[PDB]
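Here the structure comes first, spelled out in structure tokens, and everything after it is commentary.
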Amino acid sequence: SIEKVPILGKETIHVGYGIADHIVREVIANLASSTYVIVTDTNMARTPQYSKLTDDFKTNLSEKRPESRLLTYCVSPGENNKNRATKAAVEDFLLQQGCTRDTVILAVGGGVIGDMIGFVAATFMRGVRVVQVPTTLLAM
Amino acid sequence: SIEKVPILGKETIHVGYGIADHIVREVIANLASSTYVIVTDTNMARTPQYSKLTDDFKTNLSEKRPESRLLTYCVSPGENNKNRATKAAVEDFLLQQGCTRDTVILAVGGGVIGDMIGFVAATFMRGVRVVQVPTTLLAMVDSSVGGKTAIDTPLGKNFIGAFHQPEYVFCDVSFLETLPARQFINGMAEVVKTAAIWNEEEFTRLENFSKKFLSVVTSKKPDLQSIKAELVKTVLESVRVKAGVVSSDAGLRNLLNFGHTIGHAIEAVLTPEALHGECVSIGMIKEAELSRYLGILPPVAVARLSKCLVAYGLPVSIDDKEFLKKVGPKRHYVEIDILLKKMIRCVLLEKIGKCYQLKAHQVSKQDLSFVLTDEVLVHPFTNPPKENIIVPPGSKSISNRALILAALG
Amino acid sequence: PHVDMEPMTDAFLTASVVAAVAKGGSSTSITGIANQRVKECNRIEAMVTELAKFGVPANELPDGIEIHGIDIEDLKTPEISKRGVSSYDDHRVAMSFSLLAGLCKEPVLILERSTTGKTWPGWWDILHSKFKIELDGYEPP
């Protein structure tokens, strides 16, 4: 149902078809935090499969951690939109939404999202945690 | 001629007065590269002392490595010139001058340069080497050592950055004759923050140092000859205190925020007219007040700690004789409600030179609301101690006599 | 009934605030305190105004003060009513009325707290740790 590939000694790459229950049951249970940010693409945001994931992240928070939030960003997709100005947008979105040094930034996107949002998490508050949820076969 | 302070197991912090030969002879010999970048301030670029350094970096590379370059940038000064746009200028200057993952970026500057250029080197080509050459007394003891780098988002000061350790931090003490007296006293706050959380012997010398350090700095040209040896000693036990803690790691590094809780809220409203050591000095006495409030600190400690700060000219309270002139009409932006919510752990001081249980304790808002004001609200007595000894100030009458008699006996 | 203080003049404000809660038919009429005006101010008139702000009568005698005592508790005149306890920046007035202030229901504010730095700069510090009592602070805009 799920294969698991070790990286740097820890078994954190989770592989499987239709694992939408296991996406939400693993990060709010093992990686405890207060603010959870889901940054994605806008054409990915209108997809029906993304509504299966966030609504399973919404309603499954109230049973495991009711005093925790859920913020959502939507950056227009494209290499032209992966630049130092649209990096500054979520670099401004997190700071004016009241985010701290414990954010979990779920970068549900492709290669343009996992390159940019991971660089934000490498610079936001001197390093915060990131959960890559890649979607294209190249970025997987 | 040169002292050397270990950091993270390597002896890379080099301290000494007039070490301009040793700056250039150490980085091109031990840290071999192809491109060498010297980023600095423009008002620092016109200084005569900076021409002693770069021209000793120019002509000494044709001896030691003739197939290597020298690029130079000059960012304009100011607090507002440390931001994500002027970071992008040297982030564009390096890429269009043909730089690679081999660069040595000498950040000859102050705290605004070592915060920004070190963040560039934390991001340029996914991490390159940086040699901090700090110039102001604040940056020699605070921001160079540690590798804490960030820039100024308009929504928040010192929030977006990365952790990147320097390769060499040179404490070039001869770069202090061009410093203004206001910026120079502002660094002597953070030598007291290091000489009052970990050291006590240094603090005893500082009171003997506070006399003629002030007569030589307030004189508008600060003739620093014949006092080189105690000035270089002053920054020694500020970094040794610091690098003794940054090697120990977030655990024990939170002891270096003694005063950086109250002094960051006073900085938060009085930002662009009151400096950083100006408000930490107020936050020192206000946190020495809170530790005295919880029965931890002896009351002779605040009488000595507020003596050393007021001898240096740093403020001891927010309504003090020089701090009112500098801040001016911004003084009335200091209310108890806005200060308190943006502060809550505190470094509770046990005595001068020691911390209480070597950790950071969480105090309530009510005692933090108490120590900042000259207004007391007394609650109904619900539970005094039934056994309670109370020692008032010792009898001055017998004391004065006892010292005379003892001296004669 | 009546106590004279020729050498114990720097004890009057302490004696007055405990006489403020001593109730009975005879009232505490302390005298021989004429030198207490020229310290910093007329503190004889101070006890008249402030003890009226606690609700206990304190008239002015020609060489001292006659102090009543109503109960162990007093009348209810907090910072919500008029003004609080003026200290006139003297250490004697602040530390004396702090003993009296903890007997009401609501907390009694005392203006000008940190003027006790002449004699005991850490009185309020002793009151919380070493006497187990709360203390807050207030700032009028």
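Letters A, B, ... mark the chains of the structure tokens in the order given; residue numbers begin at 1 per chain; ligand numbers begin at 1, in order shown.
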Would you please extract all helix (DSSP H, G or I) residues from chain C, as assigned by DSSP on the backbone, and give them as a PDB file with N, CA, C and O atoms, in the first residue's frame?
```
ATOM      1  N   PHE C  12       7.159  58.345  62.581  1.00  0.00           N
ATOM      2  CA  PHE C  12       5.804  58.819  62.788  1.00  0.00           C
ATOM      3  C   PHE C  12       4.847  58.219  61.778  1.00  0.00           C
ATOM      4  O   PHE C  12       3.752  57.771  62.149  1.00  0.00           O
ATOM      5  N   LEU C  13       5.239  58.212  60.500  1.00  0.00           N
ATOM      6  CA  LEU C  13       4.366  57.746  59.429  1.00  0.00           C
ATOM      7  C   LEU C  13       4.099  56.257  59.559  1.00  0.00           C
ATOM      8  O   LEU C  13       3.019  55.777  59.205  1.00  0.00           O
ATOM      9  N   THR C  14       5.083  55.516  60.073  1.00  0.00           N
ATOM     10  CA  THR C  14       4.868  54.125  60.430  1.00  0.00           C
ATOM     11  C   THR C  14       3.877  54.002  61.572  1.00  0.00           C
ATOM     12  O   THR C  14       2.971  53.167  61.514  1.00  0.00           O
ATOM     13  N   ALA C  15       4.017  54.846  62.599  1.00  0.00           N
ATOM     14  CA  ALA C  15       3.124  54.788  63.751  1.00  0.00           C
ATOM     15  C   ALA C  15       1.721  55.233  63.382  1.00  0.00           C
ATOM     16  O   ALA C  15       0.743  54.729  63.939  1.00  0.00           O
ATOM     17  N   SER C  16       1.610  56.150  62.421  1.00  0.00           N
ATOM     18  CA  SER C  16       0.300  56.647  62.029  1.00  0.00           C
ATOM     19  C   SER C  16      -0.488  55.625  61.221  1.00  0.00           C
ATOM     20  O   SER C  16      -1.721  55.573  61.315  1.00  0.00           O
ATOM     21  N   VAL C  17       0.189  54.835  60.384  1.00  0.00           N
ATOM     22  CA  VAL C  17      -0.578  53.906  59.565  1.00  0.00           C
ATOM     23  C   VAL C  17      -0.995  52.669  60.346  1.00  0.00           C
ATOM     24  O   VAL C  17      -1.922  51.969  59.926  1.00  0.00           O
ATOM     25  N   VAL C  18      -0.346  52.369  61.470  1.00  0.00           N
ATOM     26  CA  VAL C  18      -0.873  51.304  62.315  1.00  0.00           C
ATOM     27  C   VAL C  18      -1.901  51.860  63.295  1.00  0.00           C
ATOM     28  O   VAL C  18      -2.832  51.155  63.701  1.00  0.00           O
ATOM     29  N   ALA C  19      -1.768  53.136  63.671  1.00  0.00           N
ATOM     30  CA  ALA C  19      -2.814  53.804  64.435  1.00  0.00           C
ATOM     31  C   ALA C  19      -4.066  54.039  63.616  1.00  0.00           C
ATOM     32  O   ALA C  19      -5.126  54.285  64.193  1.00  0.00           O
ATOM     33  N   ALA C  34       7.332  68.562  65.148  1.00  0.00           N
ATOM     34  CA  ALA C  34       7.290  69.829  64.420  1.00  0.00           C
ATOM     35  C   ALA C  34       8.379  69.923  63.354  1.00  0.00           C
ATOM     36  O   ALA C  34       8.288  70.750  62.439  1.00  0.00           O
ATOM     37  N   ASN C  35       9.413  69.086  63.449  1.00  0.00           N
ATOM     38  CA  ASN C  35      10.519  69.165  62.501  1.00  0.00           C
ATOM     39  C   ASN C  35      10.267  68.351  61.237  1.00  0.00           C
ATOM     40  O   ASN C  35      11.165  68.224  60.398  1.00  0.00           O
ATOM     41  N   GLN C  36       9.078  67.776  61.093  1.00  0.00           N
ATOM     42  CA  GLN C  36       8.802  66.896  59.970  1.00  0.00           C
ATOM     43  C   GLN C  36       8.331  67.672  58.747  1.00  0.00           C
ATOM     44  O   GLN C  36       8.190  67.096  57.664  1.00  0.00           O
ATOM     45  N   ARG C  43       4.330  67.066  55.824  1.00  0.00           N
ATOM     46  CA  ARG C  43       3.772  65.723  55.771  1.00  0.00           C
ATOM     47  C   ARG C  43       2.692  65.525  56.818  1.00  0.00           C
ATOM     48  O   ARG C  43       1.972  64.521  56.778  1.00  0.00           O
ATOM     49  N   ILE C  44       2.563  66.506  57.716  1.00  0.00           N
ATOM     50  CA  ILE C  44       1.476  66.474  58.736  1.00  0.00           C
ATOM     51  C   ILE C  44       0.154  66.611  57.978  1.00  0.00           C
ATOM     52  O   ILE C  44      -0.766  65.817  58.242  1.00  0.00           O
ATOM     53  N   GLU C  45       0.084  67.563  57.041  1.00  0.00           N
ATOM     54  CA  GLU C  45      -1.143  67.762  56.221  1.00  0.00           C
ATOM     55  C   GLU C  45      -1.336  66.576  55.268  1.00  0.00           C
ATOM     56  O   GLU C  45      -2.492  66.322  54.878  1.00  0.00           O
ATOM     57  N   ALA C  46      -0.248  65.894  54.893  1.00  0.00           N
ATOM     58  CA  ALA C  46      -0.346  64.721  53.992  1.00  0.00           C
ATOM     59  C   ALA C  46      -1.218  63.639  54.641  1.00  0.00           C
ATOM     60  O   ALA C  46      -2.101  63.107  53.944  1.00  0.00           O
ATOM     61  N   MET C  47      -0.984  63.328  55.923  1.00  0.00           N
ATOM     62  CA  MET C  47      -1.750  62.263  56.565  1.00  0.00           C
ATOM     63  C   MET C  47      -3.228  62.621  56.642  1.00  0.00           C
ATOM     64  O   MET C  47      -4.084  61.735  56.669  1.00  0.00           O
ATOM     65  N   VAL C  48      -3.534  63.919  56.690  1.00  0.00           N
ATOM     66  CA  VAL C  48      -4.916  64.378  56.768  1.00  0.00           C
ATOM     67  C   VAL C  48      -5.656  64.039  55.486  1.00  0.00           C
ATOM     68  O   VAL C  48      -6.771  63.505  55.507  1.00  0.00           O
ATOM     69  N   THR C  49      -5.034  64.330  54.349  1.00  0.00           N
ATOM     70  CA  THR C  49      -5.704  64.127  53.076  1.00  0.00           C
ATOM     71  C   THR C  49      -5.797  62.652  52.726  1.00  0.00           C
ATOM     72  O   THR C  49      -6.856  62.180  52.299  1.00  0.00           O
ATOM     73  N   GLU C  50      -4.703  61.906  52.905  1.00  0.00           N
ATOM     74  CA  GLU C  50      -4.676  60.525  52.431  1.00  0.00           C
ATOM     75  C   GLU C  50      -5.530  59.615  53.300  1.00  0.00           C
ATOM     76  O   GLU C  50      -6.188  58.712  52.785  1.00  0.00           O
ATOM     77  N   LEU C  51      -5.526  59.820  54.619  1.00  0.00           N
ATOM     78  CA  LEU C  51      -6.349  58.962  55.467  1.00  0.00           C
ATOM     79  C   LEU C  51      -7.828  59.258  55.273  1.00  0.00           C
ATOM     80  O   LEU C  51      -8.672  58.386  55.506  1.00  0.00           O
ATOM     81  N   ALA C  52      -8.155  60.466  54.812  1.00  0.00           N
ATOM     82  CA  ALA C  52      -9.505  60.728  54.330  1.00  0.00           C
ATOM     83  C   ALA C  52      -9.774  59.996  53.021  1.00  0.00           C
ATOM     84  O   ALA C  52     -10.930  59.710  52.697  1.00  0.00           O
ATOM     85  N   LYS C  53      -8.725  59.677  52.255  1.00  0.00           N
ATOM     86  CA  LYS C  53      -8.925  58.859  51.064  1.00  0.00           C
ATOM     87  C   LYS C  53      -9.023  57.378  51.398  1.00  0.00           C
ATOM     88  O   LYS C  53      -9.354  56.583  50.521  1.00  0.00           O
ATOM     89  N   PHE C  54      -8.694  56.975  52.620  1.00  0.00           N
ATOM     90  CA  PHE C  54      -9.053  55.627  53.020  1.00  0.00           C
ATOM     91  C   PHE C  54     -10.344  55.582  53.818  1.00  0.00           C
ATOM     92  O   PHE C  54     -10.903  54.496  53.997  1.00  0.00           O
ATOM     93  N   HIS C  91      10.329  58.970  50.353  1.00  0.00           N
ATOM     94  CA  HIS C  91      10.344  57.539  50.622  1.00  0.00           C
ATOM     95  C   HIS C  91       9.485  57.192  51.822  1.00  0.00           C
ATOM     96  O   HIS C  91       9.009  56.058  51.943  1.00  0.00           O
ATOM     97  N   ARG C  92       9.305  58.144  52.736  1.00  0.00           N
ATOM     98  CA  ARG C  92       8.543  57.878  53.947  1.00  0.00           C
ATOM     99  C   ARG C  92       7.073  57.662  53.634  1.00  0.00           C
ATOM    100  O   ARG C  92       6.411  56.831  54.259  1.00  0.00           O
ATOM    101  N   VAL C  93       6.550  58.391  52.652  1.00  0.00           N
ATOM    102  CA  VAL C  93       5.116  58.355  52.392  1.00  0.00           C
ATOM    103  C   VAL C  93       4.754  57.098  51.621  1.00  0.00           C
ATOM    104  O   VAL C  93       3.671  56.529  51.799  1.00  0.00           O
ATOM    105  N   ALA C  94       5.666  56.628  50.770  1.00  0.00           N
ATOM    106  CA  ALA C  94       5.363  55.477  49.928  1.00  0.00           C
ATOM    107  C   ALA C  94       5.378  54.185  50.729  1.00  0.00           C
ATOM    108  O   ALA C  94       4.454  53.369  50.635  1.00  0.00           O
ATOM    109  N   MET C  95       6.419  53.987  51.537  1.00  0.00           N
ATOM    110  CA  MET C  95       6.583  52.723  52.235  1.00  0.00           C
ATOM    111  C   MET C  95       5.619  52.601  53.407  1.00  0.00           C
ATOM    112  O   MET C  95       5.301  51.486  53.835  1.00  0.00           O
ATOM    113  N   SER C  96       5.147  53.728  53.940  1.00  0.00           N
ATOM    114  CA  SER C  96       4.228  53.673  55.069  1.00  0.00           C
ATOM    115  C   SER C  96       2.829  53.292  54.622  1.00  0.00           C
ATOM    116  O   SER C  96       2.197  52.410  55.211  1.00  0.00           O
ATOM    117  N   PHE C  97       2.329  53.936  53.574  1.00  0.00           N
ATOM    118  CA  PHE C  97       0.986  53.653  53.096  1.00  0.00           C
ATOM    119  C   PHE C  97       0.890  52.329  52.359  1.00  0.00           C
ATOM    120  O   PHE C  97      -0.226  51.848  52.133  1.00  0.00           O
ATOM    121  N   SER C  98       2.022  51.730  51.984  1.00  0.00           N
ATOM    122  CA  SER C  98       1.997  50.405  51.379  1.00  0.00           C
ATOM    123  C   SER C  98       1.591  49.343  52.389  1.00  0.00           C
ATOM    124  O   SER C  98       1.032  48.308  52.014  1.00  0.00           O
ATOM    125  N   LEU C  99       1.890  49.575  53.669  1.00  0.00           N
ATOM    126  CA  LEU C  99       1.407  48.685  54.718  1.00  0.00           C
ATOM    127  C   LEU C  99      -0.105  48.767  54.845  1.00  0.00           C
ATOM    128  O   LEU C  99      -0.773  47.758  55.090  1.00  0.00           O
ATOM    129  N   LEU C 100      -0.661  49.965  54.688  1.00  0.00           N
ATOM    130  CA  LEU C 100      -2.092  50.157  54.832  1.00  0.00           C
ATOM    131  C   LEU C 100      -2.860  49.707  53.604  1.00  0.00           C
ATOM    132  O   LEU C 100      -4.045  49.375  53.711  1.00  0.00           O
ATOM    133  N   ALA C 101      -2.200  49.635  52.453  1.00  0.00           N
ATOM    134  CA  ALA C 101      -2.921  49.473  51.199  1.00  0.00           C
ATOM    135  C   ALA C 101      -3.437  48.057  50.984  1.00  0.00           C
ATOM    136  O   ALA C 101      -4.277  47.842  50.103  1.00  0.00           O
ATOM    137  N   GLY C 102      -2.963  47.084  51.756  1.00  0.00           N
ATOM    138  CA  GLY C 102      -3.332  45.706  51.482  1.00  0.00           C
ATOM    139  C   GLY C 102      -4.464  45.189  52.347  1.00  0.00           C
ATOM    140  O   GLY C 102      -4.550  43.988  52.612  1.00  0.00           O
ATOM    141  N   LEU C 103      -5.329  46.087  52.821  1.00  0.00           N
ATOM    142  CA  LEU C 103      -6.410  45.681  53.714  1.00  0.00           C
ATOM    143  C   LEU C 103      -7.788  45.860  53.081  1.00  0.00           C
ATOM    144  O   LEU C 103      -8.786  45.360  53.609  1.00  0.00           O
ATOM    145  N   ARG C 113       6.014  55.474  42.533  1.00  0.00           N
ATOM    146  CA  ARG C 113       6.511  54.312  43.264  1.00  0.00           C
ATOM    147  C   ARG C 113       8.004  54.383  43.534  1.00  0.00           C
ATOM    148  O   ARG C 113       8.436  54.161  44.665  1.00  0.00           O
ATOM    149  N   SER C 114       8.810  54.710  42.532  1.00  0.00           N
ATOM    150  CA  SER C 114      10.242  54.480  42.657  1.00  0.00           C
ATOM    151  C   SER C 114      10.986  55.630  43.321  1.00  0.00           C
ATOM    152  O   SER C 114      12.202  55.753  43.146  1.00  0.00           O
ATOM    153  N   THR C 115      10.302  56.458  44.109  1.00  0.00           N
ATOM    154  CA  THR C 115      11.000  57.479  44.870  1.00  0.00           C
ATOM    155  C   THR C 115      11.549  56.966  46.188  1.00  0.00           C
ATOM    156  O   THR C 115      12.049  57.767  46.979  1.00  0.00           O
ATOM    157  N   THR C 116      11.472  55.661  46.447  1.00  0.00           N
ATOM    158  CA  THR C 116      12.026  55.083  47.662  1.00  0.00           C
ATOM    159  C   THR C 116      13.518  54.817  47.551  1.00  0.00           C
ATOM    160  O   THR C 116      14.063  54.095  48.385  1.00  0.00           O
ATOM    161  N   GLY C 117      14.190  55.395  46.560  1.00  0.00           N
ATOM    162  CA  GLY C 117      15.590  55.103  46.339  1.00  0.00           C
ATOM    163  C   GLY C 117      16.533  55.842  47.261  1.00  0.00           C
ATOM    164  O   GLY C 117      17.752  55.674  47.170  1.00  0.00           O
ATOM    165  N   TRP C 123      12.354  48.281  48.535  1.00  0.00           N
ATOM    166  CA  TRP C 123      11.223  47.971  49.454  1.00  0.00           C
ATOM    167  C   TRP C 123      10.179  47.119  48.724  1.00  0.00           C
ATOM    168  O   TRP C 123       9.819  46.053  49.256  1.00  0.00           O
ATOM    169  N   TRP C 124       9.696  47.585  47.568  1.00  0.00           N
ATOM    170  CA  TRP C 124       8.732  46.833  46.780  1.00  0.00           C
ATOM    171  C   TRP C 124       9.279  45.487  46.338  1.00  0.00           C
ATOM    172  O   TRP C 124       8.500  44.580  46.034  1.00  0.00           O
ATOM    173  N   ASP C 125      10.602  45.349  46.283  1.00  0.00           N
ATOM    174  CA  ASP C 125      11.200  44.068  45.937  1.00  0.00           C
ATOM    175  C   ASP C 125      11.040  43.074  47.078  1.00  0.00           C
ATOM    176  O   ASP C 125      10.839  41.876  46.845  1.00  0.00           O
ATOM    177  N   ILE C 126      11.092  43.574  48.313  1.00  0.00           N
ATOM    178  CA  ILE C 126      10.942  42.736  49.496  1.00  0.00           C
ATOM    179  C   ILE C 126       9.493  42.282  49.648  1.00  0.00           C
ATOM    180  O   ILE C 126       9.218  41.170  50.110  1.00  0.00           O
ATOM    181  N   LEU C 127       8.550  43.117  49.218  1.00  0.00           N
ATOM    182  CA  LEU C 127       7.130  42.855  49.423  1.00  0.00           C
ATOM    183  C   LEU C 127       6.598  41.681  48.617  1.00  0.00           C
ATOM    184  O   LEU C 127       5.578  41.100  48.998  1.00  0.00           O
ATOM    185  N   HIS C 128       7.235  41.320  47.510  1.00  0.00           N
ATOM    186  CA  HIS C 128       6.690  40.255  46.681  1.00  0.00           C
ATOM    187  C   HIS C 128       7.351  38.910  46.932  1.00  0.00           C
ATOM    188  O   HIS C 128       6.660  37.915  47.174  1.00  0.00           O
ATOM    189  N   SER C 129       8.675  38.855  46.853  1.00  0.00           N
ATOM    190  CA  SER C 129       9.388  37.608  47.093  1.00  0.00           C
ATOM    191  C   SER C 129       9.367  37.239  48.568  1.00  0.00           C
ATOM    192  O   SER C 129       8.991  36.120  48.932  1.00  0.00           O
TER     193      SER C 129
END
```
**Study point:** Proximal residues of chain B relative to chain C (only C-alpha atoms; 10 Å) as a PyMOL selection string
**Key:** chain B and resi 289-296+299+303+332+335-337+365-386+388-393
Exercise for review: Restrict the distance test to only C-alpha atoms, flag each residue of chain A within 7 Å of chain B, and return the flagged residues as a PyMOL selection string.
Suggested key: chain A and resi 95+123-127
**Study point:** Distance in Å - CA of residue 106 in chain A versus CA of residue 132 in chain A
**Key:**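 Between CA of residue 106 in chain A and CA of residue 132 in chain A the gap is 5.9 Å.
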**Study point:** residue 58 in chain C surroundings by only C-alpha atoms, 7 Å radius, close-in-sequence under 2 positions cut, as a PyMOL selection string
**Key:** chain C and resi 48+51+56+60+65-68
I need the chosen residues saved as a tab-separated table (two decimals), in the first residue's frame, with N, CA, C and O atoms.
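This is the output file part_17.tsv:
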```tsv
chain	number	residue	atom	x	y	z
C	48	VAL	N	-3.53	63.92	56.69
C	48	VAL	CA	-4.92	64.38	56.77
C	48	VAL	C	-5.66	64.04	55.49
C	48	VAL	O	-6.77	63.50	55.51
C	51	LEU	N	-5.53	59.82	54.62
C	51	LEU	CA	-6.35	58.96	55.47
C	51	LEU	C	-7.83	59.26	55.27
C	51	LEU	O	-8.67	58.39	55.51
C	56	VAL	N	-10.85	57.08	57.04
C	56	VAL	CA	-10.66	57.16	58.48
C	56	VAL	C	-10.35	58.62	58.82
C	56	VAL	O	-9.50	59.22	58.16
C	60	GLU	N	-6.01	67.58	62.50
C	60	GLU	CA	-4.67	68.14	62.66
C	60	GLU	C	-4.55	68.83	64.02
C	60	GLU	O	-5.29	69.77	64.32
C	65	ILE	N	-0.80	64.98	65.20
C	65	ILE	CA	-1.98	64.50	64.48
C	65	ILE	C	-2.74	63.56	65.39
C	65	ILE	O	-2.15	62.66	66.00
C	66	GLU	N	-4.05	63.76	65.50
C	66	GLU	CA	-4.94	62.82	66.19
C	66	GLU	C	-5.52	61.86	65.15
C	66	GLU	O	-6.17	62.29	64.21
C	67	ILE	N	-5.28	60.57	65.34
C	67	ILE	CA	-5.65	59.58	64.34
C	67	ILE	C	-6.78	58.71	64.89
C	67	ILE	O	-6.67	58.13	65.97
C	68	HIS	N	-7.88	58.62	64.14
C	68	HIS	CA	-8.93	57.67	64.45
C	68	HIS	C	-8.58	56.29	63.91
C	68	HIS	O	-7.58	56.11	63.21
```
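Running DSSP on the backbone gives strand (DSSP E) for these residues within chain C: residues 28, 29, 30, 58, 59, 60, 61, 64, 65, 66, 67, 108, 109, 110, 135 and 136 of chain C.
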Generate a file of the selected residues that holds C-alpha atoms, formatted as an mmCIF file, in the first residue's frame.
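After the write, result_28.cif holds the following:
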```cif
data_model
loop_
_atom_site.group_PDB
_atom_site.id
_atom_site.type_symbol
_atom_site.label_atom_id
_atom_site.label_comp_id
_atom_site.auth_asym_id
_atom_site.auth_seq_id
_atom_site.Cartn_x
_atom_site.Cartn_y
_atom_site.Cartn_z
ATOM 1 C CA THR C 28 -4.118 58.084 68.841
ATOM 2 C CA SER C 29 -2.937 61.665 69.332
ATOM 3 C CA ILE C 30 0.808 61.673 68.633
ATOM 4 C CA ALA C 58 -7.461 62.290 60.883
ATOM 5 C CA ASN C 59 -7.650 65.828 62.213
ATOM 6 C CA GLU C 60 -4.672 68.143 62.661
ATOM 7 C CA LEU C 61 -3.406 68.922 66.128
ATOM 8 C CA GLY C 64 0.902 66.533 65.911
ATOM 9 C CA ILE C 65 -1.975 64.503 64.477
ATOM 10 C CA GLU C 66 -4.936 62.818 66.189
ATOM 11 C CA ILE C 67 -5.650 59.575 64.342
ATOM 12 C CA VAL C 108 -4.978 50.470 46.326
ATOM 13 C CA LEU C 109 -2.710 52.224 43.865
ATOM 14 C CA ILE C 110 0.160 54.388 45.096
ATOM 15 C CA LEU C 135 2.144 43.893 43.093
ATOM 16 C CA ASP C 136 1.141 45.301 39.701
#
```
Check your understanding: So what do you get for CA of residue 37 in chain B versus CA of residue 59 in chain B, distance-wise?
Key ->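 Separating CA of residue 37 in chain B from CA of residue 59 in chain B is a distance of 15.3 Å.
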Point to revise | Separation of CA of residue 40 in chain A from CA of residue 25 in chain A, in Å and rounded to one decimal | key: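 Straight-line distance from CA of residue 40 in chain A to CA of residue 25 in chain A works out to 19.6 Å.
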